[PDB]
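Taking the form solved without the ligand, here's one chain by itself in structure tokens.
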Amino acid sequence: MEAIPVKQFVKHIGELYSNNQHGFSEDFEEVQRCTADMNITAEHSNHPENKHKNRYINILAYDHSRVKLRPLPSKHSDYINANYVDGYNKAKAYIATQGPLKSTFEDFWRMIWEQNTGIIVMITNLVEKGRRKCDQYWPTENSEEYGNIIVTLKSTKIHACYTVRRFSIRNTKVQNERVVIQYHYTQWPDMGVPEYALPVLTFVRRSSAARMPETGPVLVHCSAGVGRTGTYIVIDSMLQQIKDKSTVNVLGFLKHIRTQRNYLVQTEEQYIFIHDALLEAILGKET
């Protein structure tokens, strides 16, 4: 599949790092240019009624892959800045989305309900170095109402680098009650990428393993829902590919998902960090 054997992975890393990381720069420029001769529309994102529902004006939801809310008894009531994103050998394994705004809390929770999503992966802090990145769309304790969905915090589990929050959500218009587990990574740096890949590895595996059978896509968000979100999706997907085929196709998979949401894996640093992480994962398994 134009993939690399796991055994060659270590060697491939060497190459990409060699010659002042020329390999990595080529690869990421290819990722960046892979849309060059593709115009992917995001028209609903820029409809006047929907512009306030985007956290970042340049981070849009491609029309073709966007998650649509069921329309309401409400012109653009169907829009949320969210896109289906493929996982390894499974279409629409994820919903990549922005960290919701106060204004989109209802949309966000309704999407989770309507998509049969049971896992939230959140890869941001609410505020970072004094900068707002994400509004708190869950109750600090007990219940909160977001439109037709009431969210009850049931249990919280705080690890070194991530917090797990077990929520019970109920649709007041509907069974009516669903468990939704948020895995909240809490140690992503203000700037750049994590120095140590292992906590991120650990986070991916546990959050990934929480995906239960016959459930809707896992929702992954950070602030904008492209950089860290894209990084998560690639690491998780490639770990599945390694498990399933003992191969890796980071460049191939990423070029693919770039068509489904804009800027997934937003930086070359993120691109390299993916490789570091898979390297550590592979060398972990080897021992």
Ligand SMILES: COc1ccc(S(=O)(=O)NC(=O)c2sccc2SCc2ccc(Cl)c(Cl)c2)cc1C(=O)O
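Don't overthink the numbering: it's just position in the shown sequence, from 1. In this text, rigid core is short for the largest set of C-alphas that superpose within 1.5 Å between two forms. Shifts are known only where both forms have a C-alpha.
What follows is about the form solved in complex with the ligand, which we do not show.
Can you check whether the pocket is open or blocked when the ligand is overlaid onto this chain using its placement in the deposited complex? Blocked = 3+ ligand atoms within 2.4 Å of backbone or C-beta.
Check flagged, pocket reads blocked.
Which residue among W138, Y146, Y88, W188 has a heavy atom within 4.5 angstroms of the ligand in the deposited complex?
It is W188 that has a heavy atom within 4.5 Å of the partner.
Interface residue in the deposited complex among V200, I112, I95, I80, criterion: non-hydrogen atom within 4.5 angstroms of the ligand
Exactly one listed residue reaches within 4.5 Å, namely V200.
Would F273 count as a contact of the ligand in the deposited complex, using a 4.5 angstroms cut-off between non-hydrogen atoms?
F273: yes, in contact with the ligand in the deposited complex.
Find out whether any non-hydrogen atom of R66 is located within 4.5 angstroms of the ligand in the deposited complex, and reply yes or no.
Outside the cut-off, so no.
Taking heavy atoms only, is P194 within 4.5 angstroms of the ligand in the deposited complex?
Taking the distances in the deposited complex, the answer for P194 is yes, it comes within 4.5 Å of the ligand.
If you check in the deposited complex, is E15 within 4.5 Å of the ligand, heavy atoms only?
Heavy-atom contact with the ligand at 4.5 Å: absent for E15.
Taking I123, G227 and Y232 as a possible spot, do all three reach the ligand in the deposited complex with a heavy atom inside 4.5 Å?
Yes, each of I123, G227 and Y232 comes within 4.5 Å of the ligand in the deposited complex.
Pick from 146 to 154, 180 to 188, 211 to 219, 112 to 120: which stretch has non-hydrogen atoms within 4.5 Å of the ligand in the deposited complex?
This holds for exactly one stretch, 180 to 188.
Only counting heavy atoms and a 4.5 Å limit, does any residue of 265 to 282 reach the ligand in the deposited complex, and if so which ones?
In sequence order, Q266, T267, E269, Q270, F273 come within 4.5 Å of the partner.
So which residue among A160, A91, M191, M212 shifts its CA at least 2 Å between this form and the one not shown once the core is superposed?
Among the listed residues, the one whose C-alpha moves by 2 Å or more is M191.
Taking the rigid core as reference, consecutive runs of 3 or more residues that move 2 angstroms or more in Cα between this form and the one not shown:
188 to 193 is the lone stretch that moves between this form and the one not shown.
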